[PDB]
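Engineer: If it helps, the file is called work29.tsv and holds TSV, C-alpha atoms and all ligand atoms:
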chain	number	residue	atom	x	y	z
A	1	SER	CA	0.00	0.00	0.00
A	2	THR	CA	0.90	3.67	-0.23
A	3	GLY	CA	-0.51	7.02	0.80
A	4	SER	CA	-0.01	10.57	-0.45
A	5	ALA	CA	-1.35	13.71	1.22
A	6	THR	CA	-0.82	17.42	0.66
A	7	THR	CA	0.53	19.45	3.56
A	8	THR	CA	-0.26	23.17	3.72
A	9	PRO	CA	1.33	26.03	5.69
A	10	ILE	CA	-0.96	27.33	8.45
A	11	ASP	CA	0.00	30.95	7.81
A	12	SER	CA	2.09	33.28	5.65
A	13	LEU	CA	5.28	32.51	7.61
A	14	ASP	CA	5.16	28.70	7.34
A	15	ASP	CA	4.96	28.51	11.14
A	16	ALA	CA	3.70	24.94	10.77
A	17	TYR	CA	2.08	22.68	8.21
A	18	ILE	CA	-1.26	20.87	8.39
A	19	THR	CA	-2.26	17.67	6.64
A	20	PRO	CA	-5.82	16.34	6.47
A	21	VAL	CA	-6.35	13.04	8.28
A	22	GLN	CA	-9.50	10.88	8.26
A	23	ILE	CA	-10.43	9.40	11.63
A	24	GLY	CA	-13.32	7.07	12.38
A	25	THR	CA	-16.38	5.77	10.58
A	26	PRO	CA	-17.88	7.73	8.93
A	27	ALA	CA	-14.69	9.72	8.44
A	28	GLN	CA	-14.06	12.78	10.56
A	29	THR	CA	-11.40	14.87	8.82
A	30	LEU	CA	-9.03	16.78	11.10
A	31	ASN	CA	-6.03	18.87	10.06
A	32	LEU	CA	-3.02	17.55	11.94
A	33	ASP	CA	0.55	18.76	12.31
A	34	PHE	CA	2.80	15.88	11.22
A	35	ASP	CA	5.71	15.90	13.66
A	36	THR	CA	8.79	13.78	13.09
A	37	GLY	CA	10.02	14.93	16.52
A	38	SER	CA	7.28	13.26	18.58
A	39	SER	CA	5.35	10.01	18.64
A	40	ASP	CA	1.77	10.72	19.75
A	41	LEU	CA	-1.26	11.10	17.51
A	42	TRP	CA	-3.53	13.36	19.54
A	43	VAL	CA	-6.58	15.38	18.64
A	44	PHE	CA	-8.90	18.05	19.88
A	45	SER	CA	-12.06	16.17	20.77
A	46	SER	CA	-15.52	16.18	22.27
A	47	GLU	CA	-13.68	15.52	25.56
A	48	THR	CA	-11.51	18.64	25.39
A	49	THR	CA	-12.31	21.18	28.12
A	50	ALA	CA	-14.77	23.50	26.39
A	51	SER	CA	-13.00	26.75	27.30
A	52	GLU	CA	-9.81	25.39	25.69
A	53	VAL	CA	-11.40	24.87	22.26
A	54	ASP	CA	-11.52	27.94	19.98
A	55	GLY	CA	-12.24	27.13	16.35
A	56	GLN	CA	-10.54	23.73	16.02
A	57	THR	CA	-12.31	20.80	14.43
A	58	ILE	CA	-12.88	18.08	17.02
A	59	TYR	CA	-12.97	14.30	16.94
A	60	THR	CA	-16.12	12.87	18.51
A	61	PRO	CA	-15.50	9.18	19.24
A	62	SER	CA	-19.17	8.54	20.10
A	63	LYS	CA	-20.04	9.32	16.45
A	64	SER	CA	-17.56	6.74	15.11
A	65	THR	CA	-18.80	3.17	14.81
A	66	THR	CA	-15.19	1.92	14.83
A	67	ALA	CA	-14.00	3.85	17.92
A	68	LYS	CA	-13.21	1.85	21.05
A	69	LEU	CA	-12.02	3.23	24.39
A	70	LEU	CA	-8.54	1.92	25.17
A	71	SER	CA	-9.50	1.25	28.75
A	72	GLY	CA	-7.21	2.72	31.39
A	73	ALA	CA	-4.85	4.39	28.96
A	74	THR	CA	-3.81	8.00	29.48
A	75	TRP	CA	-1.27	10.28	27.82
A	76	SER	CA	0.49	13.54	28.59
A	77	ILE	CA	3.04	15.34	26.47
A	78	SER	CA	5.03	18.55	26.43
A	79	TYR	CA	6.71	20.14	23.44
A	80	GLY	CA	9.93	22.06	22.91
A	81	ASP	CA	8.16	25.39	23.22
A	82	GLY	CA	6.64	24.52	26.60
A	83	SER	CA	3.19	23.74	25.21
A	84	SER	CA	1.41	20.59	26.39
A	85	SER	CA	-1.69	18.43	26.19
A	86	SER	CA	-3.09	15.33	27.86
A	87	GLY	CA	-6.08	13.02	27.94
A	88	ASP	CA	-7.30	9.48	27.34
A	89	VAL	CA	-7.17	7.12	24.35
A	90	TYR	CA	-9.36	5.46	21.75
A	91	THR	CA	-8.47	3.08	18.98
A	92	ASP	CA	-10.00	3.85	15.62
A	93	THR	CA	-9.43	3.69	11.89
A	94	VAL	CA	-7.09	6.41	10.63
A	95	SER	CA	-6.36	7.20	6.99
A	96	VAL	CA	-3.78	9.52	5.50
A	97	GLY	CA	-3.81	10.19	1.79
A	98	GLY	CA	-5.55	6.89	1.03
A	99	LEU	CA	-3.43	4.77	3.40
A	100	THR	CA	-5.53	3.18	6.15
A	101	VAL	CA	-4.51	1.85	9.55
A	102	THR	CA	-7.06	0.04	11.68
A	103	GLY	CA	-6.67	0.00	15.46
A	104	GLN	CA	-4.59	3.19	15.56
A	105	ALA	CA	-4.27	4.83	18.98
A	106	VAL	CA	-6.04	8.18	18.75
A	107	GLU	CA	-5.20	10.19	21.84
A	108	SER	CA	-8.15	12.36	22.80
A	109	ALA	CA	-7.25	15.62	24.53
A	110	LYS	CA	-8.99	16.48	27.76
A	111	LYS	CA	-6.64	19.43	28.30
A	112	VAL	CA	-4.51	21.52	25.98
A	113	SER	CA	-2.28	24.47	26.85
A	114	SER	CA	-3.06	28.02	25.81
A	115	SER	CA	-0.95	28.13	22.65
A	116	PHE	CA	-2.92	25.17	21.25
A	117	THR	CA	-6.25	26.82	22.10
A	118	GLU	CA	-5.10	30.07	20.52
A	119	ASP	CA	-4.21	28.39	17.22
A	120	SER	CA	-7.43	27.51	15.45
A	121	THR	CA	-5.63	25.98	12.45
A	122	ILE	CA	-4.17	22.87	14.13
A	123	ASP	CA	-6.61	20.16	15.23
A	124	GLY	CA	-3.89	17.93	16.73
A	125	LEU	CA	-0.55	16.32	16.04
A	126	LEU	CA	0.47	13.15	14.24
A	127	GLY	CA	3.80	11.93	15.57
A	128	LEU	CA	6.31	10.32	13.23
A	129	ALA	CA	9.34	9.85	15.49
A	130	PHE	CA	10.08	6.39	16.93
A	131	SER	CA	7.36	4.72	18.98
A	132	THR	CA	9.69	4.50	21.99
A	133	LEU	CA	8.77	8.18	22.61
A	134	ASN	CA	5.03	7.55	22.69
A	135	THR	CA	3.60	8.79	26.00
A	136	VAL	CA	0.61	6.48	26.43
A	137	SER	CA	0.55	4.73	29.81
A	138	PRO	CA	0.50	1.99	30.98
A	139	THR	CA	0.72	0.43	27.50
A	140	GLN	CA	2.85	2.42	25.07
A	141	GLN	CA	1.32	2.79	21.61
A	142	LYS	CA	2.69	2.74	18.08
A	143	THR	CA	2.79	5.63	15.64
A	144	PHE	CA	0.73	5.67	12.47
A	145	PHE	CA	3.89	4.94	10.47
A	146	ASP	CA	4.91	2.05	12.73
A	147	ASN	CA	1.44	0.53	12.36
A	148	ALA	CA	1.37	1.04	8.58
A	149	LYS	CA	4.92	-0.10	7.89
A	150	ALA	CA	4.45	-3.80	7.25
A	151	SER	CA	1.71	-3.03	4.72
A	152	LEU	CA	3.66	-0.38	2.83
A	153	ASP	CA	5.31	-1.13	-0.51
A	154	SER	CA	8.53	0.17	1.06
A	155	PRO	CA	9.04	1.00	4.76
A	156	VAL	CA	9.51	4.73	4.20
A	157	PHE	CA	7.79	8.07	4.31
A	158	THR	CA	8.91	11.30	2.69
A	159	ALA	CA	8.51	14.96	3.60
A	160	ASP	CA	8.45	17.53	0.81
A	161	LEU	CA	7.59	20.79	2.54
A	162	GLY	CA	6.94	23.93	0.52
A	163	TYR	CA	8.27	27.43	1.03
A	164	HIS	CA	5.16	29.60	1.33
A	165	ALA	CA	3.36	26.86	-0.63
A	166	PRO	CA	1.80	23.42	-0.17
A	167	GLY	CA	3.90	20.27	-0.22
A	168	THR	CA	3.50	16.53	0.20
A	169	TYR	CA	3.84	13.67	2.68
A	170	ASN	CA	4.11	10.28	0.96
A	171	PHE	CA	4.00	6.90	2.64
A	172	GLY	CA	5.42	3.72	1.18
A	173	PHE	CA	7.16	5.06	-1.93
A	174	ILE	CA	9.72	7.55	-3.13
A	175	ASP	CA	8.41	9.90	-5.84
A	176	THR	CA	11.37	10.14	-8.19
A	177	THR	CA	9.77	13.15	-9.93
A	178	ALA	CA	9.77	15.21	-6.71
A	179	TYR	CA	13.50	15.96	-6.46
A	180	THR	CA	16.50	16.82	-8.60
A	181	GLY	CA	19.78	14.91	-8.75
A	182	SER	CA	20.30	12.03	-6.36
A	183	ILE	CA	19.25	11.31	-2.79
A	184	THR	CA	22.12	11.15	-0.30
A	185	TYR	CA	21.48	8.82	2.61
A	186	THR	CA	23.02	9.22	6.04
A	187	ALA	CA	23.04	7.19	9.25
A	188	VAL	CA	20.41	7.58	11.96
A	189	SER	CA	20.66	6.97	15.69
A	190	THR	CA	17.38	6.00	17.33
A	191	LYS	CA	18.87	6.05	20.83
A	192	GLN	CA	16.91	9.17	21.84
A	193	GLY	CA	13.79	8.18	19.84
A	194	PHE	CA	14.39	10.80	17.14
A	195	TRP	CA	15.49	10.81	13.51
A	196	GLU	CA	18.93	11.84	14.74
A	197	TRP	CA	21.76	12.23	12.25
A	198	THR	CA	25.07	14.07	11.81
A	199	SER	CA	25.48	16.83	9.28
A	200	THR	CA	28.97	17.15	7.81
A	201	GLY	CA	29.18	20.94	8.03
A	202	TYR	CA	27.93	24.27	6.77
A	203	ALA	CA	28.53	27.36	4.68
A	204	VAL	CA	27.16	30.89	4.97
A	205	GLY	CA	26.20	32.53	1.67
A	206	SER	CA	28.93	32.15	-0.91
A	207	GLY	CA	31.49	31.41	1.82
A	208	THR	CA	33.74	28.39	2.10
A	209	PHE	CA	32.29	25.18	3.48
A	210	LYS	CA	33.29	24.37	7.05
A	211	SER	CA	33.67	20.64	7.62
A	212	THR	CA	32.39	19.91	11.11
A	213	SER	CA	30.07	17.28	12.57
A	214	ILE	CA	26.72	18.61	13.74
A	215	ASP	CA	24.49	16.07	15.42
A	216	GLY	CA	20.82	16.95	15.24
A	217	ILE	CA	17.28	15.79	14.56
A	218	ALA	CA	15.14	15.99	11.45
A	219	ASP	CA	12.02	17.55	12.93
A	220	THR	CA	9.05	18.58	10.80
A	221	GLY	CA	7.25	19.76	13.95
A	222	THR	CA	9.77	22.52	14.72
A	223	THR	CA	9.52	25.72	12.67
A	224	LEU	CA	13.10	26.97	12.74
A	225	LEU	CA	16.67	25.70	12.33
A	226	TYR	CA	18.44	25.47	15.71
A	227	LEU	CA	22.22	25.03	15.55
A	228	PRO	CA	25.24	25.55	17.82
A	229	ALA	CA	25.92	29.12	18.88
A	230	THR	CA	29.21	29.22	16.96
A	231	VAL	CA	27.44	28.37	13.68
A	232	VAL	CA	24.56	30.76	14.28
A	233	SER	CA	26.89	33.62	15.18
A	234	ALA	CA	28.85	33.03	11.96
A	235	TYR	CA	25.62	33.24	9.96
A	236	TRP	CA	24.23	36.42	11.53
A	237	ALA	CA	27.60	38.16	11.43
A	238	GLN	CA	27.02	38.38	7.67
A	239	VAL	CA	23.85	40.44	8.13
A	240	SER	CA	24.38	44.14	8.90
A	241	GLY	CA	22.60	45.11	12.10
A	242	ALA	CA	21.67	41.57	13.15
A	243	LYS	CA	21.90	40.85	16.85
A	244	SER	CA	20.73	38.45	19.50
A	245	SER	CA	17.96	39.98	21.57
A	246	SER	CA	17.24	38.50	24.98
A	247	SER	CA	14.01	40.50	25.13
A	248	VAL	CA	12.70	39.10	21.84
A	249	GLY	CA	14.17	35.62	22.43
A	250	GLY	CA	16.71	35.19	19.65
A	251	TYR	CA	18.42	36.72	16.68
A	252	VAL	CA	16.67	39.60	14.99
A	253	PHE	CA	17.74	41.53	11.93
A	254	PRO	CA	16.72	44.69	10.05
A	255	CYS	CA	13.71	44.00	7.87
A	256	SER	CA	15.55	45.95	5.13
A	257	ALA	CA	18.21	43.21	4.89
A	258	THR	CA	18.76	40.74	2.12
A	259	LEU	CA	19.64	37.49	3.91
A	260	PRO	CA	22.41	35.17	2.76
A	261	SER	CA	21.75	31.53	2.07
A	262	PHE	CA	22.81	28.79	4.47
A	263	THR	CA	24.21	25.46	3.28
A	264	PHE	CA	24.30	22.26	5.33
A	265	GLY	CA	26.16	19.08	4.53
A	266	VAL	CA	24.68	15.62	4.12
A	267	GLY	CA	27.66	13.37	3.60
A	268	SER	CA	29.45	14.84	0.58
A	269	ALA	CA	26.21	16.46	-0.61
A	270	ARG	CA	25.02	19.97	0.13
A	271	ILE	CA	21.53	21.38	0.75
A	272	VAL	CA	21.16	25.13	0.21
A	273	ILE	CA	18.58	27.06	2.21
A	274	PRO	CA	17.83	30.30	0.33
A	275	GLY	CA	18.07	33.47	2.39
A	276	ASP	CA	14.34	34.19	2.02
A	277	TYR	CA	13.57	30.95	3.91
A	278	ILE	CA	15.34	32.43	6.95
A	279	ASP	CA	13.06	35.50	7.14
A	280	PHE	CA	10.27	35.16	9.72
A	281	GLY	CA	9.05	38.69	9.37
A	282	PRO	CA	8.44	41.54	11.79
A	283	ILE	CA	8.75	40.65	15.48
A	284	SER	CA	5.44	42.47	16.03
A	285	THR	CA	3.06	44.02	13.51
A	286	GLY	CA	4.63	47.05	11.84
A	287	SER	CA	8.08	46.54	13.36
A	288	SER	CA	11.21	47.03	11.26
A	289	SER	CA	12.96	44.34	13.30
A	290	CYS	CA	12.52	40.90	11.79
A	291	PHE	CA	12.89	37.49	13.42
A	292	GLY	CA	15.56	35.10	12.19
A	293	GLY	CA	14.93	31.57	11.04
A	294	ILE	CA	18.29	30.27	12.24
A	295	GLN	CA	18.61	30.36	16.02
A	296	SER	CA	20.93	28.98	18.68
A	297	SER	CA	20.25	25.54	20.12
A	298	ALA	CA	22.18	26.43	23.27
A	299	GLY	CA	19.86	25.64	26.15
A	300	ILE	CA	17.73	23.22	24.10
A	301	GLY	CA	20.20	20.39	24.50
A	302	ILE	CA	19.89	19.25	20.89
A	303	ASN	CA	20.32	20.71	17.41
A	304	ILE	CA	17.11	20.74	15.39
A	305	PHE	CA	16.82	20.64	11.63
A	306	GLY	CA	13.30	22.04	11.60
A	307	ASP	CA	11.13	23.23	8.74
A	308	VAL	CA	13.52	26.00	7.65
A	309	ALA	CA	16.06	23.33	6.76
A	310	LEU	CA	13.76	20.51	5.71
A	311	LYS	CA	11.69	22.61	3.29
A	312	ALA	CA	14.86	23.17	1.23
A	313	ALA	CA	15.02	19.40	0.57
A	314	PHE	CA	13.14	16.28	-0.37
A	315	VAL	CA	13.59	14.19	2.77
A	316	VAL	CA	13.31	10.41	3.04
A	317	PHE	CA	12.58	8.89	6.44
A	318	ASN	CA	13.67	5.31	5.87
A	319	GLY	CA	12.16	3.03	8.49
A	320	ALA	CA	13.91	-0.14	7.41
A	321	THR	CA	15.38	-2.40	10.12
A	322	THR	CA	18.36	-0.06	10.25
A	323	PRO	CA	16.77	3.37	9.74
A	324	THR	CA	18.44	6.06	7.62
A	325	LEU	CA	17.62	9.57	6.36
A	326	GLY	CA	17.88	10.71	2.77
A	327	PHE	CA	18.16	14.26	1.46
A	328	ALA	CA	17.88	15.54	-2.09
A	329	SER	CA	17.73	18.99	-3.58
A	330	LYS	CA	14.48	19.91	-5.36
A	401	LIG	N1	7.95	17.48	19.35
A	401	LIG	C1	9.06	17.94	18.81
A	401	LIG	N2	9.13	18.12	17.52
A	401	LIG	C2	10.18	18.24	19.68
A	401	LIG	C3	10.06	18.39	21.11
A	401	LIG	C4	11.26	18.68	21.74
A	401	LIG	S1	12.53	18.79	20.58
A	401	LIG	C5	11.48	18.44	19.28
A	402	LIG	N1	0.56	25.39	19.57
A	402	LIG	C1	1.83	25.05	19.69
A	402	LIG	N2	2.61	25.68	20.53
A	402	LIG	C2	2.36	23.98	18.89
A	402	LIG	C3	1.94	23.69	17.55
A	402	LIG	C4	2.59	22.62	17.01
A	402	LIG	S1	3.72	21.96	18.13
A	402	LIG	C5	3.33	23.11	19.31
Here is a file; write its structure as structure tokens.
Structural biologist:
Amino acid sequence: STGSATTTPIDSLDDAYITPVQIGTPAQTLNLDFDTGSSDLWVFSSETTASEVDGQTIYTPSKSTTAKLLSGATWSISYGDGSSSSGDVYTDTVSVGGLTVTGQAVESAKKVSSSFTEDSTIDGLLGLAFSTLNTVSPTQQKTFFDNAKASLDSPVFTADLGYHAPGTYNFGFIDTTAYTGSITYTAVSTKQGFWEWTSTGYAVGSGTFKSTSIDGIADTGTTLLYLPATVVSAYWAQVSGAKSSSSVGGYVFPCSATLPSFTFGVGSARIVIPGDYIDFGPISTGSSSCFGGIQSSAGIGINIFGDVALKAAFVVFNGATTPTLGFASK
């Protein structure tokens, strides 16, 4: 089997991407944020505290003939930005882009934190990291990909995120028309539950490539590119007037700037992030200070190749017995 679904930016900045997902019988379509940095499929629901729902589409398990309470199971998760959600669990039929999994754990939110409530565009998350990170207790549950894998033509999914445009998540096949050149594959460590890999270095603009190992995660659920302070300082030093602002919470730059590109290494291959991808616009409406899309990972504890990086590539998440990651230009 295979699946193919379009993923769409939630706003003009590509702050996140949403992908329609069919849950239950008859189908209830919710727009979920596919997150290769977590492993829970959770949704706004008929169980979500009413005051914490503001415009999201909800899953109502009582209206699904295939929903079953997973008795005793609870979940609770926090994300890198301090947001969180928790609740109980149903199993139900879940389809993405024509690919169907029966008996998928659908984690129904009883509580969500304010930043979820305040974002009406995201109806939940669909985790695509390794199932060892799944938070369901006392019986840990498998991700949609883990459940689908044995049925897929090939045990892979691909992320092809657009810059200010829709893109595609495919399951079970590699669309050879969706990228240019060849795909370069690189080793993955699953020891922390992430798609963790080591970049071979970087360049800023037209500068020389610096060969240096940068361990990090391929994370579709993080907006920005978070890298070591040394790397980030070298990038922003090439932008007149750029500075790190403790009050704003990262590097800002004059909105009048033209940003340089940023290149990262994948083995001997190179992925170029155009400068425009690194512009996250005014820090507040009407401001002439703009927020940078490359930020320091110092304090996070891990480097994160988030959407800023991934959208510059066609990315293969290879879930074979020994997982790997592939990157191609596009
Ligand atoms: N859920 C994620 N994408 C995440 C959380 C901490 S670091 C990455
Ligand atoms: N609402 C949030 N803070 C969020 C959205 C996707 S991951 C976290």
Engineer: Taking only C-alpha atoms and all ligand atoms into account, produce a table as a tab-separated table in which each residue of chain A with an atom at most 12 Å from an atom of ligand LIG 402 (chain A) appears once, together with its shortest atom pair and the distance in Å to one decimal, ordered by chain and rising number.
Structural biologist:
residue	atom	partner	partner_atom	distance
A:9	CA	A:LIG402	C4	11.9
A:10	CA	A:LIG402	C3	10.2
A:14	CA	A:LIG402	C4	11.7
A:15	CA	A:LIG402	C3	8.6
A:16	CA	A:LIG402	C4	6.7
A:17	CA	A:LIG402	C4	8.8
A:18	CA	A:LIG402	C4	9.6
A:31	CA	A:LIG402	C4	11.7
A:32	CA	A:LIG402	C4	9.1
A:33	CA	A:LIG402	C4	6.4
A:34	CA	A:LIG402	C4	8.9
A:35	CA	A:LIG402	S1	7.8
A:36	CA	A:LIG402	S1	10.9
A:37	CA	A:LIG402	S1	9.6
A:38	CA	A:LIG402	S1	9.4
A:40	CA	A:LIG402	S1	11.5
A:41	CA	A:LIG402	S1	12.0
A:42	CA	A:LIG402	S1	11.3
A:43	CA	A:LIG402	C4	11.8
A:44	CA	A:LIG402	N1	12.0
A:56	CA	A:LIG402	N1	11.8
A:77	CA	A:LIG402	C5	10.6
A:78	CA	A:LIG402	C5	8.6
A:79	CA	A:LIG402	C5	6.1
A:80	CA	A:LIG402	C5	7.6
A:81	CA	A:LIG402	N2	6.2
A:82	CA	A:LIG402	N2	7.4
A:83	CA	A:LIG402	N2	5.1
A:84	CA	A:LIG402	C5	7.8
A:85	CA	A:LIG402	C5	9.7
A:112	CA	A:LIG402	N1	9.0
A:113	CA	A:LIG402	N1	7.9
A:114	CA	A:LIG402	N1	7.7
A:115	CA	A:LIG402	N1	4.4
A:116	CA	A:LIG402	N1	3.9
A:117	CA	A:LIG402	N1	7.4
A:118	CA	A:LIG402	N1	7.4
A:119	CA	A:LIG402	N1	6.1
A:120	CA	A:LIG402	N1	9.2
A:121	CA	A:LIG402	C3	9.4
A:122	CA	A:LIG402	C3	7.0
A:123	CA	A:LIG402	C3	9.5
A:124	CA	A:LIG402	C4	8.0
A:125	CA	A:LIG402	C4	7.1
A:126	CA	A:LIG402	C4	10.1
A:127	CA	A:LIG402	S1	10.4
A:219	CA	A:LIG402	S1	10.7
A:220	CA	A:LIG402	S1	9.7
A:221	CA	A:LIG402	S1	5.9
A:222	CA	A:LIG402	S1	7.0
A:223	CA	A:LIG402	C4	8.7
A:224	CA	A:LIG402	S1	11.9
A:306	CA	A:LIG402	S1	11.6
A:307	CA	A:LIG402	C4	11.9
Engineer: When you count all atoms listed in the file, which of these residues is closest to ligand LIG 401 (chain A): A:192, A:200, A:154, A:258?
Structural biologist: A:192
Engineer: Calculated over only C-alpha atoms, which of the candidates A:267, A:241, A:249, A:216 has the smallest distance to residue A:305?
Structural biologist: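 The closest residue to residue A:305 is A:216.
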Engineer: Which is closer to ligand LIG 401 (chain A) than all the others in A:4, A:297, A:182, A:22, using only C-alpha atoms and all ligand atoms?
Structural biologist: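 With only C-alpha atoms and all ligand atoms as the atom set, the closest residue is A:297.
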Engineer: Measuring between all atoms listed in the file, which one of A:327, A:317, A:185, A:202 shows the shortest distance to residue A:157?
Structural biologist: A:317
Engineer: With all atoms of ligand LIG 401 (chain A) from the file as input, state the centre and edge lengths in Å to one decimal of the axis-aligned box that has 8 Å extra on each side, as AutoDock Vina command-line options.
Structural biologist:
--center_x 10.2 --center_y 18.1 --center_z 19.6 --size_x 20.6 --size_y 17.3 --size_z 20.2
Engineer: Just to confirm, what's the straight-line distance from atom CA of residue A:261 to atom CA of residue A:311 in Å (one decimal)?
Structural biologist: 13.5 Å
Engineer: For a quick check of understanding, using all atoms listed in the file, which of A:30, A:109, A:272, A:313 has the smallest distance to residue A:48?
Structural biologist: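 Ranked by minimum distance to residue A:48, first place goes to A:109.
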Engineer: What does the structure give for the distance between atom CA of residue A:156 and atom CA of residue A:197, in Å to one decimal?
Structural biologist: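 Distance between the two atoms: 16.5 Å.
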